[PDB]
Each structure stands twice: as structure tokens, then as C-alpha cells.
There are 2 protein chains.
Amino acid sequence: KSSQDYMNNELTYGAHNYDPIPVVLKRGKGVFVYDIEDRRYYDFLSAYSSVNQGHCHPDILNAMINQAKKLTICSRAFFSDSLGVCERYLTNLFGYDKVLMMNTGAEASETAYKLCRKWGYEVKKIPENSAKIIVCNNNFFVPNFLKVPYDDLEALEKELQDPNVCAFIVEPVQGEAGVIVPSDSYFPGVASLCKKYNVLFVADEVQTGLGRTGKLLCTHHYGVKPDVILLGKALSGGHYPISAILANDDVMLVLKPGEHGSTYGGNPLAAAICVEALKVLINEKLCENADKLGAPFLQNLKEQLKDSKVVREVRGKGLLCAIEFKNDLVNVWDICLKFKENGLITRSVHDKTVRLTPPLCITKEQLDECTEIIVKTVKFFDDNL
Amino acid sequence: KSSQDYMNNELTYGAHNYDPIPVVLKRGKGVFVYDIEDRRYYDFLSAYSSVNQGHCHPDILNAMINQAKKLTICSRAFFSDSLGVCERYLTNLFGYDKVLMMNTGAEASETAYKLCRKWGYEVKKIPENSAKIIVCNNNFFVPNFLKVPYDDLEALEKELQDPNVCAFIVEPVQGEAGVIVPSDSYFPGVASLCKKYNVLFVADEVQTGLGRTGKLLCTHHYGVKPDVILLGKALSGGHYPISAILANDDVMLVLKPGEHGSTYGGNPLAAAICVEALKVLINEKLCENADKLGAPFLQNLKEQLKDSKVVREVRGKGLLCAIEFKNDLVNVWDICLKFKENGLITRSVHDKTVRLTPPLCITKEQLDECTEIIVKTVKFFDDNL
């Protein structure tokens, strides 16, 4: 069959709740994916950083098969051997007392909200049912969520005044908003306003962490250490849904042994995959590679596109990059379709921004080729407006 | 490294949000698990029906390795080949137009709420922001839910009167409430009251389906066909978090292509695992085995415990079984600890009920042994009051 047989098939038997680019993948390896007709593309989404280590990494697969032969799941009604090995590994690596393993990024957010509010009541003695969490505006009305603009220390402290605030949950760079990088001063001041007003400084590193911006934690760029870290995506090198919350004893122990719905969270298979996925990231110096290739690539891109009419701005840090377009001049869906035609696949957030986030095992020669591709694709829309 | 060592390690590095029975598993295979000290136990939880096919089923592992070598994840920004194969397979199997793949049971519930309400507004023309969902009381306050007692057709129709009701979401047997089986009349009448008042009849089969009670869908016992089915757990034979919603075009097409958050949902690896996990269930006649061994086991158990002072009731259907205890006479945690000591592991829900749900590949000789174990365990407590 053809790519078109697959797409019609999904249209008949699957819900229509997603709107994918019309490409049908059957294989991935490192920085490349391959469609039904055996065309090859650079993957510039990386499944939103799940494959920082590259597609189908053999070491991760190996750790997977090994654990899967032994035991894939017992519930949280019992202990497994693998979970605690993972927990010890992660806490030591990142320097936190404790970790809580879950499946999805959404689970990690929701559990973080609960953790923050419960620390609010137990430790900060906030009045009942009124613990407030501060989040940023465009990225991360809804009750007891106070919204402030990103990268605005003034508006933040203004909200920290409220004694009922238990936490500020924030991304080191805003992903969904279109890759918004903060001013260098911001986070050093976030750490201060938070330490000052006795507020949990929670860093959402589900996308930004694990090498994406050059470091294990993007916050390490700003030389701050958050009270609470959220991790996900690359935790598994894409082989399994895994997420985690890291925190010290004073916050984590606020959670009590309770009766929770059944889960895959903390299962033995995920635990083994997670350790190996981070070992691969580290042993292969993938954070370093992204830290080296990143800024050059971004600057070189900013240079070659400086005269483009349709480009509004090139943004990024490490290999977390994006191009924002003037959506009054071009349709961004069409830009993505053109990238695809040109051998590079990615997707647009909102109406304006295209994500540029390749697996971190990419070589400089490959990034040069991808630069050609990006320039040629933008050129097309410039030549034809 | 002793079990004790594993448990202390988890206590130091992991959150204390769960309260497991003190057994540390390192291996599972079919109906058995094995701890650090190589003791063997019958698994009578089955990770809440995730391992209906038994632990570490080699066919499922095989389908997993095969797909994992090719591609584990691209996001929903693109198409994969594997997803549509899975969707076609499931819709045909269960007889619904469409399916929507997700990761967790909780995701399936939340998505079901949105699906129901959106059908409420689009099709049933319910006024905005006021679509109401009927759930049952002990098992499944909050905005836009209406709670009725389980197995009560009167209280149900009373609530169906409200024109703003879009759906009734209900379990074929109540799990969390302690395995509550409905009167044979109930579901045939649920199907009627629902068809009559123009209300979505949504069956939550996340625990009850896929052979657990003898059939692919427990509702098949009552000869009704729900408008919407929720599936999970055994969908993957415990190798991966997978859940699904099945529904026909008139309901499913209510969800439109959108900018949804990054997901593992519908990833190629889950899709391949899911098809094979159901193939194994069906090729091995696991539904049939549970349908055969189930009632005998339950009746024989009801008989051998008829004179017990601590036992309140034996309940079940197929291999979805439970013993409720008089919590005024015994501590149910201690009962579980004693089961463990006796070679069978399980857990208690609430203060009263112990879950009895072995993998469905269990043999009659095995169930006879387990019967001895359950009787001897209950004997221990009886001999002491």
C-alpha cells in the first residue's frame, strides 16, 4: 500500500481529533525517519523531545528487552526491584532527596499542583482550599491559578505578595508560546523573589531538560536550583511514557501513603528504560553536543535569513529552536508542508511559529544540510509573496 | 540486597505516596511472581487486569521488540503505519465505527467526559456549559455530574428526566466499590432508559472487559450494546500503558482536529503491542477459560467459607472475584499479609474487601491450590476469635 492508503485508513477507523502533516512514517533511526515510499526526512520535532537520544536507540531497546523478559508490571500494591534502582539513580544525578515516577507530562503537572498546595497547607500554613499557584500567561481563567506575564519580575513579585501563594510553576524557556527565551536576569531573580516570599520555585523541565538546551537542566544555565523539578519526554528516549517530579524531603514528604487509582506509574519496565535512557544521554555527551552545535546553528540561521520578508524572528537556546513567521504574509501550515517536501519534517505551534528541534545526536554536517533546507524553503515563500 | 534493602531504598529516594504490601518482586511469568529471596507467589491482583494474558507473555514481548526496532514514537503531528492497523483491528473486533487510542484509564475517563458533553451540545442541542453526566455512587461533589445508586433503575430514570443529561457512564461490575455485581435485570433496563431518553449509554470496561468476566466485553453477558466503550489495562498485557474509547460515527465525529498537547497516545509501539495483546487473549481462548473456571471457583469458595465468622460475602463474575470481610472482626491489611505469607498476593480496597483476580491463563488445578490457600488463610483468622 501507499502513504495514502494509510491515511484514508486512519480516517475511516480512528477519531479525527488530530491534524497531522500528511507524512506516514514506518521507521526512525537517529536523526532520520522514513515513510511508506522509503523517502527519508530529518526529524525536526523529535516527538517533542522524547527522542533527544535519537530514534530507536539500540542501548535503550536493550535495557527494555532485558527488563521486559523479567517483569513489566506489578502494580503499586507491591514493590518491584527496578523502581528503587531508578529512584536512587535519578535523585543522585540531579541532586534531590526524592523522586516520584509517573507516566505523562500531564500527570506530572497535575501531581505538582497537588504537591504544591499540600505543602502550602502543611508547611506554609495557608488557609484551607485557598492555596494559590502562579503560572505564566501564554504558555503554562482557571481557579487558584494566578497568571503573570513571562519574563516580568515586577508583575511576579506583585503576585507573590498574596500570602496564599504556595508556588510559582514556570518553564526555563516557554515551549507552547513559541520558544520564548527569558532575559538572563529573569531566573536569578525568580529564585530570589521565591526564596524571599517563601514560595516553591517549580521548574517545568519536561521539554527544556535532558540536553535539549545544552544542559541536564536548562535552569543550570541561569545558575539557579529550583525547589521542584518536572521531567518527562526524553526520560525514556521515546520507548515508554515516563515522567517524574524531583524535590527534597521538606516538600516531598508532604504527600502521604494514600489509596490512589491504579497506575503504570513507577512500573519496573519504565524504571529500567529510564535509567538507560539517561545513561545514553550522558555517556554520549549529547548535552555537550547540543551546547556546541546550538548557538552557531542559531546564529548562522539568523544571518542567512536576515533579509527574508516572511521571517519575523529566529529564537532558541541550544537545540531548542524556532522560527516565527509574519502570519499576515505566509501560511505556516504550507511552510511545514514545504519543509516536508524538502526533506525535513516539523510542525507549527499557533499560527506563527515553526519548531526546530532535532535529536541531539545530530552532527554539524547534518545541521549544515538542514540549514540549506530551511533557507531554500523560506526562500520559496519570499520569492512568491 | 534483601527485600528489606529494596524497601528501605525506596523509602529513602522515592515519594511516600503509596502503601504497598511488603513484597519485592523481580520476576513474573504467567500466573506467578517471584521475590528477591526467590519465593514464588500466585498473583491475585494481575496489576488490576493489566496481565490478563499472564505476566511476561512471550508473544506480546515479541510484537513489542519487532515494532520497537522499527519506530517507537513520532508524535501525533505525523502519521505512523502502525496506528491505523491497530484502529482497524479494534473497531472490527468490537463492532464500532471508530476508536481513539490513549495512554491511561484516567485519560480515557476524562476524554469520555468531553466526548459525551460535546455530543450533548452538538447533537442533543443541550444548552451551553450545562451538559450533565450521570455516574454511579461508590465507584465512578463536582460540576455537571449527577450521582445515582448502582443497580437502581428507579433512581436512574428519575435523573434521566433532566433534559440536560448527555450520558450515563457506568461499570458492568463495580470494581473500586468492592466488586459489586448488578442484578441480571439492570443493564437490559439501562440500555432501555438510555435509548428512551436519548442518552449516551457509556460502559466503562477498563477493568471488566477483555476476558476478566468471561467475555470480551462484560456487557455481552447482559446482551446489551453500549453506545460508547472504554477499554484499558489488558489492552497491552501490561507491556505498555494503553487505553481506548470506541464509539460510532454519530458520537465520535463530534471531536474535531485541534491543537492538542504532545502525547504518547496512539504511538506506533503501543499500536503494535495492543493488536498482539488482544490476539493472544483470543487465540488462547482466555475469555473461555475464565468463563469456565470462574463460576465453579466462586461457588466452591462460597461453599468452603459458608461457616466462617469473619467472611461477610463472596462476590464475583468470571475471574473477577472478591471476598468482603466483617471489618469489625478482622483487619483486612493483616489478611493480605497472611495471604502473602501463604503464597498468594493481593490487596484490599477500602476497609473490607480483598480482590481475587488472577491472570486468565490459570488452570483448574492451580485454582484448586489457591482455594486451599484462601481457606487456610481465612481459617487462621477464624481460629483466633
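Residues numbered from 1 in each chain as written, not as in the entry; some residues may be left out. Chains lettered and ligands numbered in written order. Heavy atoms only, no water.

- X-ray crystallography is the method the PDB entry lists for this structure, together with a resolution of 2.300 Å.

Brief notes about the overall build of chain A
- Scanning chain A from terminus to terminus reveals 12 helices and 16 strands.
- Rg of the C-alpha trace for chain A: 22 Å, near the compact-globule value of 21 Å for 385 residues, within the 12% margin.
- Accessible surface computed for chain A: about 14,400 Å², of which carbon and sulfur atoms make up 48%.
- Side chains of chain A carry 44 positive and 48 negative charges; the gap between the two charge centres is 2 Å. (Helix = DSSP H or I, 4+ residues; strand = E, 2+ residues; numbered from the N terminus. Rg over C-alpha atoms; globule rule 2.2 N^0.38 Å. Areas by Shrake-Rupley, 256 points an atom, 1.4 Å probe, with all protein chains shown as cover. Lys, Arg positive; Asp, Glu negative; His and termini not counted. Charge placed at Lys NZ, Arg CZ, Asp CG, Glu CD.)

Let's talk about the pairing of strand β16 (residues 353-356) of chain A
Residues and elements named next belong to chain A.
- Here β16 shows no split at all, with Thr353 and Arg355 on one side and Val354 and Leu356 on the other all buried.
- As paired elements, strand β13 (residues 320-325) and β16 share 4 bridges and run antiparallel to each other. Opposite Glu324, over in β16, you have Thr353 as the bridge partner.
- By the bridge criterion, 2 bridges tie strand β15 (residues 348-349) to β16 in an arrangement that is antiparallel. Across the sheet, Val349 pairs through a bridge with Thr353, a residue of β16.
- From the end of β15 to the start of β16, which pair antiparallel, there are 3 residues, and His350 there has a positive phi angle of about 50°. (Buried < 20%, exposed > 50% of the residue type's maximum accessible area, 1.4 Å probe, protein only. Pairing = 2+ DSSP bridges.)

Concerning the packing of aromatic side chains
- As enumerated under the stated definition, the model contains 17 aromatic pairs over all chains in all.
- Between A:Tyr113 and A:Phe140, the ring centres sit 6.5 Å apart and the planes meet at 65°, which makes this aromatic pair edge-to-face. Within this pair, whereas A:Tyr113 is found in helix α5 (residues 105-122), its partner A:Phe140 is found in the loop between β6 (132-136) and β7 (145-148), the two being separated by 27 residues in sequence.
- A relative accessible area of 24% means that A:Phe140 is categorised as partly exposed.
- Look at B:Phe32 and B:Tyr42: their rings are 4.5 Å apart centre to centre, the planes differ by 45°, and that puts the pair in the tilted class. (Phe/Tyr/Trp six-rings, centres within 6.5 Å; stacked < 30°, edge-to-face > 60°.)

A short note on a negative patch on the surface
- A contiguous patch of negative charge, built from B:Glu365, B:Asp368, B:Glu369 and B:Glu372, is present on the exposed surface.
- Among the structural elements, B:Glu372 can be located in helix α12 (residues 364-382). (Patch = residues over 30% accessible without salt bridge, like charges linked within 9 Å, V, L, I, M, F, W, Y side chains within 5 Å. Salt bridge = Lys/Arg side-chain N within 4 Å of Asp/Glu carboxyl O.)

Points about the nonpolar core
- If you look at the biggest cluster of nonpolar residues, it comprises 172 residues, and the most contacted ones within it are A:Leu90, A:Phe325, B:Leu90, B:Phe325 and B:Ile374.
- Sequence-distant contacts of A:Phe325, defined by excluding residues within four places in its chain, comprise A:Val310, A:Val311, A:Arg312, A:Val330, A:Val332, A:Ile335, A:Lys352, A:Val354 and A:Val378. (Core = buried A, V, L, I, M, F, W, Y, C linked by side-chain atoms within 4.5 Å. Contact = heavy atoms within 4.5 Å.)

A word on the domain arrangement of chain A
Residue and element names in this part refer to chain A.
- Assigned domains of chain A: these are domain 1 (1-56 + 285-385) and domain 2 (57-284).
- At the interface, 33 residues of domain 1 touch 35 residues of domain 2.
- With both sides pooled, the region where domain 1 packs onto domain 2 buries about 2,600 Å², and carbon together with sulfur makes up 54% of that total.
- If you sort the residues of domain 1 by the area they bury against domain 2, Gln53, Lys317 and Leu320 come out on top, with a joint share of 27%.
- Connecting domain 1 to domain 2 are 1 salt bridge.
- On the surface where domain 1 and domain 2 come into contact, there are 19 residue pairs in polar contact.
- Sorting the residues of the side of domain 1 that touches domain 2 by element identifies α2 (46-49), α10 (286-304), β12 (311-317), β13 and β16 as the ones contributing at least two each.
- Counting residues per element, the side of domain 1 that touches domain 2 draws most heavily on α10, at 5 residues.
- Looking at the side of domain 1 that touches domain 2 residue by residue, the classes come out as 14 nonpolar, 12 polar and 7 charged. (Domains from an automatic or database assignment. Buried area = accessible area lost by both parts, 1.4 Å probe. Polar contact = N/O pair within 3.5 Å; in protein donor to acceptor, adjacent residues only side chain to side chain. Nonpolar A, V, L, I, M, F, W, Y, C, P; charged D, E, K, R; others polar.)

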